[PDB]
Amino acid sequence: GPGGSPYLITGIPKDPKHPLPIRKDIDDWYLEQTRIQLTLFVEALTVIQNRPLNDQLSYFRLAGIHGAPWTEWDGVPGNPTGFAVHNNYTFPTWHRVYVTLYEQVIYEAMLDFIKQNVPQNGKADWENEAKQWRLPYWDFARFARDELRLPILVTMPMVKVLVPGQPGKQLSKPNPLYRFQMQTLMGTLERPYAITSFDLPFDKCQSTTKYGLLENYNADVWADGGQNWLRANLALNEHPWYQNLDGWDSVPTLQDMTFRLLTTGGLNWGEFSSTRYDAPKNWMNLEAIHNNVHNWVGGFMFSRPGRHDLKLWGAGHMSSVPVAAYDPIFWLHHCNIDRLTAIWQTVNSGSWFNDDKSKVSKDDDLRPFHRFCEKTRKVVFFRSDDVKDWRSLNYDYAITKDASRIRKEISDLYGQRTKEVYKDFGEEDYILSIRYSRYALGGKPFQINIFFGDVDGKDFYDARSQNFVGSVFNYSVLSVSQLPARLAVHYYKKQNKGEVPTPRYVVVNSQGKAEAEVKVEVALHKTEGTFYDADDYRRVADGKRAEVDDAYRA
Amino acid sequence: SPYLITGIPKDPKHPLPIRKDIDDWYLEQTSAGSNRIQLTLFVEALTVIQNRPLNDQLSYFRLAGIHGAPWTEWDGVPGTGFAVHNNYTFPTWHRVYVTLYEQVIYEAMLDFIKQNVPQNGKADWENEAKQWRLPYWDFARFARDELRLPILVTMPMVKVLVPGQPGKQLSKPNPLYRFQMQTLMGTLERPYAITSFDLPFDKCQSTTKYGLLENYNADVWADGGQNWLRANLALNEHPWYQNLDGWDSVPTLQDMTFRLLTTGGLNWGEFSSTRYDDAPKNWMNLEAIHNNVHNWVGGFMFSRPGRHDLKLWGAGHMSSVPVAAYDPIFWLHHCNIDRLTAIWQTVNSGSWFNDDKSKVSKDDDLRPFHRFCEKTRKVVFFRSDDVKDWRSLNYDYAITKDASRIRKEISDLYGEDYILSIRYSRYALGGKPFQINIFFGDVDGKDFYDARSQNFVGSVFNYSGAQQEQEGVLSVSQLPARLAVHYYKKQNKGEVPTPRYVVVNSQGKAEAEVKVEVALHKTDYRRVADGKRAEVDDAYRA
Ligand SMILES: [Cu+2]
Ligand SMILES: [Cu+2]
Ligand SMILES: [Cu+2]
Ligand SMILES: [Cu+2]
């Protein structure tokens, strides 16, 4: 660490005037200030982003822990892989520590900012705000203040901040949450830090981008492809195709998935914590939802075959495990994944590494994260049990302050629209199970799209594609996910004399082409009763690969 | 003051330097090799001009201010803007305006060299400044199968040379990407603030393309971004049927530009302007094409009624006369409008303010632009005859260097008939902008906007913004219709379509009360059908 000793991760230190401060919803937090906390977060994160690459607490090196360029960090040596855990049962706990590292570094930068910039009259007030501040979360599953959206702040290129010592003065500055920008293309950073198999030109980017990388544009456009936040919002609101037709109400699949994740009882830790697969009702897991959000924020398709005026594709850092951590929204996404873990823990309190598969991983060192063990007086790595109680890291969430009311809060935040629309149809539920190998395309990402009915051989991509039901993203031993299917099955039955649909799937690569030799096991399952009134699911149809037009075949 | 507009001064090592296609130029600058001196000079000079204070009349803000809001004086001429629209001096007023911008940039390049280039490098850098001319954006040329905004306009940052530190290139914010002020434009010091209008330009710090949408936090409008992919989609507007499987497409903008340049027999009055002062074949004019390009680059619709997951609307500075000049692409669009004028002049050499309609306007003073009169040794305003030969301002275009090959170059670049004629009042909505959309067949009452709307054929944009037009004056445009009539007949038992139109406002609603004269003509063109307004759903009616 800095000054030649391990960097001890503690969370923000405990102050008795500041009992368990909460991580707030970033839109609520911004809206109440649209101002010292906003100023401190902006100015501290700007400093951290501008730190040199040799500084291990620079934004670049902190993001670098996750994936590329796969260097050492804090004395811990660095298919090339990073420190991050994916497709294993420590996925939530490794990321709980990682988010806390980021929050702690930001807090320390806030204190430094105050020491260097704030006059005597205001130091105590500004220090007080730094001590109350916690990293906000992005509630990707909550309607923004009728639709799911990226945070307001992430969509603003500039942000107004206070000028300490100049009352009433504010300055507009580049917003460090909008993008992370380096001084040169990341493929040409000083060794060993160059970002350089990847199937997207991330070596040619200077800044992070959402949907900005498309084939057939000048390579200098890729240096900074922009933040297509409207396109990301569209993706985040994915739902079955039939719901864009007149006379049908829509429900965002991400909100239905999240409501199911939090409300479904009976999962063990191994089922909840990960996509890893060594009863399909239990395949709705945290990591699978997290994987889809990565795709929907960044985009993963660089190209599409054929000629298309409207170009709905485009790729960006958040879809790509090696470089997703560079996008500032990464940390806000993982702050909410940590919040979801804390909520699920609260309503499943005995289910902690409690199954035979996850028990084996409970004691894994969560490298490269150090802490001082007070019992053995040694610097050690974090382990999952150290962070079972997130409050040991001196933060909390409003929703986990009161267990007795958490089930009503879950329903109010995530369940209203699902229940409103589901209530219009009979008392049955349908789900799709999906099982795949994350290595099926040699480690390259891919998207599994499911359809009920005939597939358009030139349009098999998203909610605009005929008969689309939903998607599963391989964000770079098998892997499982689950999709809601209740509403899409109802629509199909109405057009097909009551017949249960055969799920048809297409595996799409980053060129927009269908991969014919990626195995996916898809099935449709039914139970009597609605899921939120809970069941006994039974398989009712087996999946089949769909064919596409010859020009659209990999 | 007065600021004498001359064009870049002549230097015998630089005979009549050309204004290059900005994409070709950008590729030469960055691909030929590392010596990107003209690109560095343009970037650095325009940055300096954009950062000049408001009381400097050669600041970017004040130069853009000549066109429209905030409607102040310039160069001692008291400050409707100075810009000429819907009159026959539209091309010549803008010829002078573009030359002013080019000249100010060149002078700033010379200052940059004085400030930053070492003595032993100054000759090399000055040689590049003296060869540079303002590039044009060829909005009608396929980009190096589709029409596109310039490469450089779509780049947030640009690498430049640092003089005296060889091989050292630095990445800087690109002043062609946007114009960004330090505060919201509605809060600038008197008299310069931009400040009822339907688009929240007072709440913008930066220019935007499609960035302003209703139902987002107002702080998003401070900088709505550059949705250049959405602008490119608009620029490639064509009939809806061409997106069906089996059909090839042809961008309407390229067809319109080809027709503008190759149709013979127009007088200056017909070519130069949308103005119609009381033959439909001759209504394809320079200003109408220019008007649609403004809409396609910027966006004009702030909202849309109803429920839509895919949000294709969004508004931006280039759609709006009062603020369009703030977007740096404005100048590159106008550079190409100047180029199209020069091409048309070359192939129509005796047609210059000499029909009975346009002759009237020939001697208008092109306020606020000054020049020195050698005859009287007095400062005077520019007049159109002063810029009939654009080479007198010491620039040229590659395409007008060899008249003998011009017909073939026009064909290489941009190449029964049916056409649609459109005649409208710019003040049909009191001066507010609107878009006239034309359909062959049934109109979808909730989707009557663009090429994704069923049966869409083409659009006419009113680039304007209770007032009335000049008495006796209206505006005209023309659209190609051959391919669209062929599809319609094929699908509809050979019926010649009745054009159906909708007049759309900035809220995405149909203005039922507006009447436009739309007609279909067929080849020597005969009128074969008259247009009729189409109804839309109740929730989408203004
Ligand atoms: Cu991770
Ligand atoms: Cu993640
Ligand atoms: Cu103008
Ligand atoms: Cu213009």
# chains A, B, ... in the order shown; residues from 1 in each chain; ligands from 1
call {"tool": "interface_residues", "arguments": {"of": "chain B", "to": "chain A", "cutoff": "8 Å", "atoms": "only C-alpha atoms", "output": "list in words"}}
result
residues 151, 154, 155, 156, 157, 170, 171, 182, 183, 217, 219, 220, 222, 223, 224, 225, 227, 229, 233, 236, 243, 309, 310 and 311 of chain B
call {"tool": "write_last_selection", "arguments": {"atoms": "C-alpha atoms", "output": "CSV table (one decimal), in the first residue's frame"}}
result
chain,number,residue,atom,x,y,z
B,151,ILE,CA,-16.2,12.3,-37.9
B,154,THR,CA,-18.6,13.2,-33.1
B,155,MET,CA,-15.4,13.1,-31.1
B,156,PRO,CA,-15.5,14.6,-27.5
B,157,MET,CA,-11.7,15.0,-27.5
B,170,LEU,CA,-2.0,15.9,-26.1
B,171,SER,CA,-5.7,15.1,-25.8
B,182,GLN,CA,-19.3,28.2,-17.7
B,183,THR,CA,-22.9,28.9,-16.7
B,217,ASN,CA,-34.5,16.3,-14.3
B,219,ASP,CA,-30.2,19.5,-14.6
B,220,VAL,CA,-29.9,17.0,-17.5
B,222,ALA,CA,-27.6,21.8,-18.7
B,223,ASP,CA,-25.7,19.5,-21.2
B,224,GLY,CA,-28.0,17.1,-23.0
B,225,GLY,CA,-25.1,15.5,-24.9
B,227,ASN,CA,-26.7,12.2,-29.8
B,229,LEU,CA,-26.2,8.4,-33.9
B,233,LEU,CA,-30.5,8.4,-38.4
B,236,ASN,CA,-30.8,9.3,-43.7
B,243,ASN,CA,-37.1,-0.4,-44.6
B,309,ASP,CA,-40.3,2.6,-24.5
B,310,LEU,CA,-38.1,3.6,-27.5
B,311,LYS,CA,-37.7,7.4,-27.3
call {"tool": "residues_near_ligand", "arguments": {"ligand": "ligand 1", "cutoff": "7 Å", "atoms": "only C-alpha atoms and all ligand atoms", "output": "MDAnalysis selection string"}}
result
chainID A and resid 66 84:86 95
call {"tool": "residues_near_ligand", "arguments": {"ligand": "ligand 3", "cutoff": "12 Å", "atoms": "only C-alpha atoms and all ligand atoms", "output": "PyMOL selection string"}}
result
chain B and resi 64-69+80-87+89-98+273+287+290-291+294+318-326+330-331+333-335+337-338+463-465
call {"tool": "residues_around", "arguments": {"residues": "residue 166 of chain B", "least_positions_apart": "4", "cutoff": "10 Å", "atoms": "only C-alpha atoms", "output": "MDAnalysis selection string"}}
result
chainID B and resid 34:35 161:162
call {"tool": "write_last_selection", "arguments": {"atoms": "N, CA and C atoms", "output": "short mmCIF file (atom, residue, chain, number, x, y, z; two decimals), in the first residue's frame"}}
result
data_model
loop_
_atom_site.label_atom_id
_atom_site.label_comp_id
_atom_site.auth_asym_id
_atom_site.auth_seq_id
_atom_site.Cartn_x
_atom_site.Cartn_y
_atom_site.Cartn_z
N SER B 34 2.02 11.82 -38.41
CA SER B 34 1.78 12.50 -37.13
C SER B 34 1.79 14.01 -37.21
N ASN B 35 2.16 14.64 -38.32
CA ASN B 35 2.28 16.10 -38.34
C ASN B 35 0.97 16.89 -38.49
N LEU B 161 -0.90 18.52 -31.52
CA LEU B 161 0.54 18.66 -31.33
C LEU B 161 0.82 19.74 -30.29
N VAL B 162 1.92 19.62 -29.57
CA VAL B 162 2.40 20.70 -28.71
C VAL B 162 3.66 21.31 -29.35
#
call {"tool": "residues_near_ligand", "arguments": {"ligand": "ligand 2", "cutoff": "12 Å", "atoms": "only C-alpha atoms and all ligand atoms", "output": "JSON, numbers by chain"}}
result
{"A": [63, 66, 67, 84, 85, 86, 87, 91, 92, 94, 95, 96, 98, 99, 286, 287, 288, 289, 290, 291, 292, 293, 294, 295, 296, 297, 298, 317, 318, 319, 320, 321, 322, 323, 324, 325, 326, 327, 328, 329, 330, 331, 332, 333, 334, 335, 336, 337, 338, 475, 476]}
call {"tool": "write_last_selection", "arguments": {"atoms": "C-alpha atoms", "output": "compact mmCIF listing (two decimals), in the first residue's frame"}}
result
# COMPACT_ATOMS: atom_id res chain seq x y z
CA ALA A 63 -10.80 -0.45 -10.90
CA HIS A 66 -11.37 -6.25 -10.76
CA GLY A 67 -9.92 -7.30 -14.14
CA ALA A 84 -12.78 -10.55 -8.80
CA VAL A 85 -14.92 -13.58 -7.95
CA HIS A 86 -17.51 -14.55 -10.57
CA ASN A 87 -19.55 -17.76 -10.89
CA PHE A 91 -19.45 -13.41 -5.45
CA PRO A 92 -21.48 -11.29 -2.96
CA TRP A 94 -15.82 -10.44 -2.43
CA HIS A 95 -17.82 -7.54 -3.90
CA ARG A 96 -19.02 -6.37 -0.43
CA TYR A 98 -14.52 -4.22 -2.86
CA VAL A 99 -17.33 -1.65 -2.56
CA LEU A 286 -28.34 -12.40 -7.45
CA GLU A 287 -25.46 -12.84 -9.88
CA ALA A 288 -27.70 -13.54 -12.89
CA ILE A 289 -29.71 -10.35 -12.34
CA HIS A 290 -26.41 -8.48 -11.85
CA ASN A 291 -25.12 -9.93 -15.16
CA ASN A 292 -28.14 -8.69 -17.12
CA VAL A 293 -27.76 -5.19 -15.64
CA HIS A 294 -24.11 -5.10 -16.76
CA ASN A 295 -25.24 -5.86 -20.32
CA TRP A 296 -28.11 -3.39 -20.29
CA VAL A 297 -25.99 -0.48 -18.99
CA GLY A 298 -23.00 -0.96 -21.34
CA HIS A 317 -17.35 -1.07 -20.78
CA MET A 318 -20.06 -2.27 -18.38
CA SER A 319 -20.82 -5.36 -20.49
CA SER A 320 -17.21 -6.57 -20.29
CA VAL A 321 -15.78 -8.20 -17.15
CA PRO A 322 -12.16 -7.12 -17.86
CA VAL A 323 -13.03 -3.41 -18.03
CA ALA A 324 -16.48 -2.89 -16.42
CA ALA A 325 -15.02 -1.51 -13.16
CA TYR A 326 -13.69 1.58 -15.00
CA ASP A 327 -17.23 2.91 -15.56
CA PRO A 328 -18.20 4.95 -12.47
CA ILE A 329 -21.68 3.38 -12.50
CA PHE A 330 -20.02 0.02 -11.73
CA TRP A 331 -19.61 0.98 -8.09
CA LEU A 332 -23.19 2.24 -7.75
CA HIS A 333 -24.50 -0.99 -9.30
CA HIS A 334 -22.40 -3.06 -6.91
CA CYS A 335 -23.55 -0.89 -4.00
CA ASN A 336 -27.12 -1.97 -4.81
CA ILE A 337 -26.03 -5.61 -5.29
CA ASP A 338 -24.62 -5.36 -1.77
CA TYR A 475 -21.06 -11.70 -18.31
CA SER A 476 -17.87 -13.28 -19.43
call {"tool": "select_by_dssp", "arguments": {"residues": "segment 288-344 of chain B", "states": "helix (DSSP H, G or I)", "output": "ChimeraX atom specification"}}
result
/B:288-298,317-319,324-326,329-344
call {"tool": "write_last_selection", "arguments": {"atoms": "N, CA and C atoms", "output": "compact mmCIF listing (two decimals), in the first residue's frame"}}
result
# COMPACT_ATOMS: atom_id res chain seq x y z
N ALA B 288 -34.64 25.31 -48.48
CA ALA B 288 -35.45 24.20 -47.97
C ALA B 288 -34.60 23.01 -47.57
N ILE B 289 -33.62 22.66 -48.39
CA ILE B 289 -32.74 21.55 -48.03
C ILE B 289 -32.00 21.89 -46.75
N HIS B 290 -31.48 23.12 -46.69
CA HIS B 290 -30.81 23.61 -45.49
C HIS B 290 -31.68 23.53 -44.25
N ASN B 291 -32.96 23.85 -44.38
CA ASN B 291 -33.90 23.82 -43.26
C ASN B 291 -34.07 22.41 -42.72
N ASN B 292 -34.22 21.43 -43.61
CA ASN B 292 -34.37 20.05 -43.13
C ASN B 292 -33.10 19.58 -42.43
N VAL B 293 -31.93 19.96 -42.94
CA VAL B 293 -30.68 19.56 -42.30
C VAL B 293 -30.62 20.13 -40.89
N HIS B 294 -31.04 21.38 -40.68
CA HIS B 294 -31.07 21.93 -39.31
C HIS B 294 -31.89 21.06 -38.38
N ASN B 295 -33.09 20.68 -38.80
CA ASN B 295 -33.94 19.82 -37.98
C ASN B 295 -33.28 18.47 -37.73
N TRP B 296 -32.72 17.86 -38.79
CA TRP B 296 -32.17 16.51 -38.63
C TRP B 296 -30.96 16.48 -37.71
N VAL B 297 -30.15 17.53 -37.70
CA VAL B 297 -28.98 17.55 -36.81
C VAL B 297 -29.38 17.75 -35.36
N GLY B 298 -30.31 18.66 -35.10
CA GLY B 298 -30.57 19.10 -33.74
C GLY B 298 -31.72 18.39 -33.05
N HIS B 317 -30.12 22.53 -30.32
CA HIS B 317 -29.93 23.90 -30.78
C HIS B 317 -30.07 24.05 -32.28
N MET B 318 -29.56 23.10 -33.07
CA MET B 318 -29.59 23.31 -34.53
C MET B 318 -30.99 23.39 -35.11
N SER B 319 -32.04 22.93 -34.44
CA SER B 319 -33.37 23.04 -35.02
C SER B 319 -33.96 24.44 -34.88
N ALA B 324 -29.33 28.26 -33.17
CA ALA B 324 -28.62 27.24 -33.94
C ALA B 324 -27.15 27.59 -34.14
N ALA B 325 -26.80 28.87 -34.25
CA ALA B 325 -25.42 29.23 -34.58
C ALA B 325 -24.44 28.91 -33.45
N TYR B 326 -24.93 28.66 -32.24
CA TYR B 326 -24.07 28.25 -31.13
C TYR B 326 -23.51 26.85 -31.34
N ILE B 329 -21.34 22.80 -35.43
CA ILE B 329 -21.63 22.23 -36.75
C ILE B 329 -22.35 23.22 -37.65
N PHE B 330 -22.99 24.22 -37.06
CA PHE B 330 -23.68 25.25 -37.83
C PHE B 330 -22.82 25.78 -38.96
N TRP B 331 -21.57 26.07 -38.62
CA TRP B 331 -20.66 26.75 -39.54
C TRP B 331 -20.24 25.81 -40.65
N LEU B 332 -20.12 24.52 -40.33
CA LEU B 332 -19.72 23.51 -41.33
C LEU B 332 -20.89 23.22 -42.26
N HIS B 333 -22.12 23.21 -41.72
CA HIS B 333 -23.31 23.13 -42.58
C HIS B 333 -23.36 24.32 -43.52
N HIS B 334 -23.19 25.53 -42.98
CA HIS B 334 -23.25 26.71 -43.82
C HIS B 334 -22.09 26.75 -44.80
N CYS B 335 -20.95 26.14 -44.46
CA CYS B 335 -19.85 26.07 -45.43
C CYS B 335 -20.29 25.24 -46.62
N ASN B 336 -20.99 24.12 -46.38
CA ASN B 336 -21.49 23.33 -47.51
C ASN B 336 -22.62 24.05 -48.25
N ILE B 337 -23.46 24.80 -47.55
CA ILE B 337 -24.48 25.58 -48.26
C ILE B 337 -23.82 26.59 -49.19
N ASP B 338 -22.70 27.16 -48.74
CA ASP B 338 -21.94 28.07 -49.61
C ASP B 338 -21.37 27.35 -50.82
N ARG B 339 -20.86 26.15 -50.61
CA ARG B 339 -20.32 25.29 -51.66
C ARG B 339 -21.41 24.92 -52.67
N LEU B 340 -22.59 24.53 -52.20
CA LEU B 340 -23.70 24.23 -53.12
C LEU B 340 -24.08 25.45 -53.94
N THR B 341 -24.11 26.62 -53.32
CA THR B 341 -24.33 27.88 -54.05
C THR B 341 -23.27 28.05 -55.13
N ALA B 342 -22.00 27.86 -54.80
CA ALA B 342 -20.92 28.05 -55.78
C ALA B 342 -21.06 27.06 -56.92
N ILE B 343 -21.40 25.81 -56.62
CA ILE B 343 -21.61 24.81 -57.68
C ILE B 343 -22.75 25.25 -58.57
N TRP B 344 -23.86 25.65 -57.94
CA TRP B 344 -25.02 26.02 -58.76
C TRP B 344 -24.71 27.23 -59.62
call {"tool": "closest_residue", "arguments": {"among": "B:516, B:399, B:286, B:366", "to": "ligand 4", "atoms": "only C-alpha atoms and all ligand atoms"}}
result
B:286
call {"tool": "residues_around", "arguments": {"residues": "residue 149 of chain B", "least_positions_apart": "3", "cutoff": "9 Å", "atoms": "only C-alpha atoms", "output": "VMD selection string"}}
result
chain B and resid 137 to 139 143 152 to 154 228 to 229 231 to 232 235 297 329
call {"tool": "atom_distance", "arguments": {"atom1": "atom CA of residue 360 of chain B", "atom2": "atom CA of residue 378 of chain B"}}
result
24.3 Å
call {"tool": "residues_around", "arguments": {"residues": "residue 101 of chain A", "least_positions_apart": "6", "cutoff": "9 Å", "atoms": "only C-alpha atoms", "output": "JSON, numbers by chain"}}
result
{"A": [9, 10, 11, 62, 369]}
call {"tool": "atom_distance", "arguments": {"atom1": "atom CA of residue 40 of chain B", "atom2": "atom CA of residue 401 of chain B"}}
result
27.1 Å
call {"tool": "residues_around", "arguments": {"residues": "residue 486 of chain A", "least_positions_apart": "2", "cutoff": "7 Å", "atoms": "only C-alpha atoms", "output": "list in words"}}
result
residues 429, 430, 431, 484, 488, 489 and 490 of chain A
call {"tool": "write_last_selection", "arguments": {"atoms": "N, CA, C and O atoms", "output": "PDB file, in the first residue's frame"}}
result
ATOM      1  N   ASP A 429     -48.365 -19.560 -12.253  1.00  0.00           N
ATOM      2  CA  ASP A 429     -47.103 -18.879 -12.569  1.00  0.00           C
ATOM      3  C   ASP A 429     -46.346 -19.721 -13.590  1.00  0.00           C
ATOM      4  O   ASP A 429     -46.458 -20.943 -13.599  1.00  0.00           O
ATOM      5  N   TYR A 430     -45.552 -19.049 -14.403  1.00  0.00           N
ATOM      6  CA  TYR A 430     -44.655 -19.719 -15.329  1.00  0.00           C
ATOM      7  C   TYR A 430     -43.271 -19.060 -15.235  1.00  0.00           C
ATOM      8  O   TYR A 430     -43.216 -17.836 -15.122  1.00  0.00           O
ATOM      9  N   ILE A 431     -42.245 -19.893 -15.297  1.00  0.00           N
ATOM     10  CA  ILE A 431     -40.860 -19.463 -15.300  1.00  0.00           C
ATOM     11  C   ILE A 431     -40.073 -20.223 -16.361  1.00  0.00           C
ATOM     12  O   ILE A 431     -40.388 -21.374 -16.715  1.00  0.00           O
ATOM     13  N   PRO A 484     -38.900 -14.673 -15.595  1.00  0.00           N
ATOM     14  CA  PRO A 484     -40.361 -14.745 -15.485  1.00  0.00           C
ATOM     15  C   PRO A 484     -40.918 -15.079 -16.868  1.00  0.00           C
ATOM     16  O   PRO A 484     -40.345 -14.660 -17.873  1.00  0.00           O
ATOM     17  N   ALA A 488     -45.881 -13.528 -20.721  1.00  0.00           N
ATOM     18  CA  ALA A 488     -45.621 -13.897 -22.103  1.00  0.00           C
ATOM     19  C   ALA A 488     -46.334 -15.188 -22.466  1.00  0.00           C
ATOM     20  O   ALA A 488     -46.780 -15.337 -23.608  1.00  0.00           O
ATOM     21  N   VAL A 489     -46.424 -16.143 -21.536  1.00  0.00           N
ATOM     22  CA  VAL A 489     -47.187 -17.369 -21.805  1.00  0.00           C
ATOM     23  C   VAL A 489     -48.660 -17.056 -22.013  1.00  0.00           C
ATOM     24  O   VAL A 489     -49.299 -17.651 -22.890  1.00  0.00           O
ATOM     25  N   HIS A 490     -49.209 -16.149 -21.198  1.00  0.00           N
ATOM     26  CA  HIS A 490     -50.627 -15.828 -21.386  1.00  0.00           C
ATOM     27  C   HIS A 490     -50.881 -15.295 -22.791  1.00  0.00           C
ATOM     28  O   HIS A 490     -51.810 -15.741 -23.469  1.00  0.00           O
TER      29      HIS A 490
END
call {"tool": "closest_residue", "arguments": {"among": "B:327, B:489, B:460, B:197", "to": "ligand 4", "atoms": "only C-alpha atoms and all ligand atoms"}}
result
B:327
call {"tool": "atom_distance", "arguments": {"atom1": "atom CA of residue 263 of chain A", "atom2": "atom CA of residue 532 of chain A"}}
result
7.2 Å
call {"tool": "residues_around", "arguments": {"residues": "residue 105 of chain A", "least_positions_apart": "2", "cutoff": "12 Å", "atoms": "only C-alpha atoms", "output": "short mmCIF file (atom, residue, chain, number, x, y, z; two decimals) with N, CA and C atoms, in the first residue's frame"}}
result
data_model
loop_
_atom_site.label_atom_id
_atom_site.label_comp_id
_atom_site.auth_asym_id
_atom_site.auth_seq_id
_atom_site.Cartn_x
_atom_site.Cartn_y
_atom_site.Cartn_z
N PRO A 2 0.20 2.42 -0.02
CA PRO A 2 0.94 3.69 0.07
C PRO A 2 1.89 3.67 1.26
N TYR A 7 -2.54 -1.78 2.84
CA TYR A 7 -3.70 -0.92 3.02
C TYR A 7 -4.81 -1.65 3.76
N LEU A 8 -5.05 -1.26 5.01
CA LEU A 8 -6.01 -1.96 5.85
C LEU A 8 -7.43 -1.47 5.57
N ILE A 9 -8.28 -2.36 5.09
CA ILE A 9 -9.68 -1.99 4.79
C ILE A 9 -10.52 -2.20 6.04
N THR A 10 -11.13 -1.11 6.51
CA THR A 10 -11.90 -1.10 7.73
C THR A 10 -13.34 -0.64 7.55
N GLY A 11 -13.66 -0.04 6.41
CA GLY A 11 -14.83 0.81 6.29
C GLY A 11 -14.54 2.14 6.94
N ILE A 12 -15.44 3.10 6.79
CA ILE A 12 -15.19 4.41 7.40
C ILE A 12 -15.10 4.28 8.90
N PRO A 13 -14.09 4.84 9.56
CA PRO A 13 -13.95 4.62 11.01
C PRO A 13 -15.17 5.04 11.81
N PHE A 41 -18.24 14.53 -2.53
CA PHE A 41 -18.14 13.32 -3.36
C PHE A 41 -17.55 13.66 -4.72
N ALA A 44 -13.75 14.75 -4.23
CA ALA A 44 -12.89 13.63 -3.84
C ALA A 44 -12.73 12.62 -4.97
N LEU A 45 -13.83 12.31 -5.66
CA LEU A 45 -13.74 11.31 -6.73
C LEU A 45 -12.92 11.88 -7.88
N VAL A 47 -10.35 13.96 -7.58
CA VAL A 47 -8.94 13.76 -7.19
C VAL A 47 -8.53 12.31 -7.41
N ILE A 48 -9.37 11.37 -6.96
CA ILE A 48 -8.98 9.95 -7.07
C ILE A 48 -8.81 9.54 -8.53
N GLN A 49 -9.70 10.02 -9.40
CA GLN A 49 -9.60 9.72 -10.83
C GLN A 49 -8.34 10.31 -11.46
N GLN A 56 -1.55 3.37 -5.84
CA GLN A 56 -2.48 2.25 -5.75
C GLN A 56 -3.89 2.65 -5.34
N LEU A 57 -4.04 3.89 -4.85
CA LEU A 57 -5.39 4.34 -4.53
C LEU A 57 -5.93 5.25 -5.61
N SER A 58 -5.30 5.17 -6.79
CA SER A 58 -5.89 5.89 -7.92
C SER A 58 -7.14 5.14 -8.39
N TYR A 59 -8.06 5.86 -9.02
CA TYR A 59 -9.24 5.20 -9.57
C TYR A 59 -8.84 4.07 -10.51
N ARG A 61 -6.16 2.20 -10.59
CA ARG A 61 -5.66 0.98 -9.94
C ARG A 61 -6.76 0.31 -9.13
N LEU A 62 -7.69 1.06 -8.55
CA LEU A 62 -8.79 0.46 -7.80
C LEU A 62 -9.71 -0.32 -8.73
N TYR A 98 -15.01 -5.11 -1.79
CA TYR A 98 -14.52 -4.22 -2.86
C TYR A 98 -15.24 -2.87 -2.81
N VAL A 99 -16.55 -2.89 -2.65
CA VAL A 99 -17.33 -1.65 -2.56
C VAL A 99 -16.92 -0.84 -1.33
N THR A 100 -16.68 -1.54 -0.22
CA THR A 100 -16.23 -0.85 0.99
C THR A 100 -14.85 -0.22 0.81
N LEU A 101 -13.94 -0.89 0.11
CA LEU A 101 -12.65 -0.28 -0.23
C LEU A 101 -12.83 1.06 -0.93
N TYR A 102 -13.69 1.06 -1.97
CA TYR A 102 -13.93 2.27 -2.76
C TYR A 102 -14.50 3.36 -1.88
N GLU A 103 -15.49 3.03 -1.06
CA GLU A 103 -16.09 4.01 -0.15
C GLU A 103 -15.07 4.58 0.84
N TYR A 107 -13.88 8.45 1.21
CA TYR A 107 -13.90 9.17 2.50
C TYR A 107 -12.56 9.77 2.87
N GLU A 108 -11.48 9.00 2.71
CA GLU A 108 -10.16 9.54 3.04
C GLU A 108 -9.81 10.71 2.12
N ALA A 109 -10.21 10.62 0.84
CA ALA A 109 -9.95 11.76 -0.06
C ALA A 109 -10.78 12.98 0.34
N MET A 110 -12.00 12.77 0.85
CA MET A 110 -12.82 13.87 1.35
C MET A 110 -12.10 14.58 2.50
N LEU A 111 -11.55 13.79 3.44
CA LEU A 111 -10.85 14.43 4.56
C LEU A 111 -9.67 15.24 4.07
N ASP A 112 -8.97 14.71 3.07
CA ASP A 112 -7.81 15.45 2.56
C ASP A 112 -8.28 16.74 1.89
N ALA A 130 -18.56 14.66 5.90
CA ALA A 130 -17.76 13.54 5.37
C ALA A 130 -18.03 12.30 6.21
N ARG A 134 -22.07 8.16 3.04
CA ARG A 134 -21.74 6.79 2.64
C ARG A 134 -21.97 6.68 1.14
N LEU A 135 -21.38 5.68 0.51
CA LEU A 135 -21.51 5.54 -0.94
C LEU A 135 -22.95 5.32 -1.34
#
call {"tool": "select_by_dssp", "arguments": {"residues": "segment 242-450 of chain A", "states": "strand (DSSP E)", "output": "list in words"}}
result
residues 276, 277, 300, 301, 314, 315, 370, 371, 372, 373, 378, 379, 380, 381, 428, 429, 430, 431, 432, 433, 434, 435, 436, 446, 447, 448, 449 and 450 of chain A
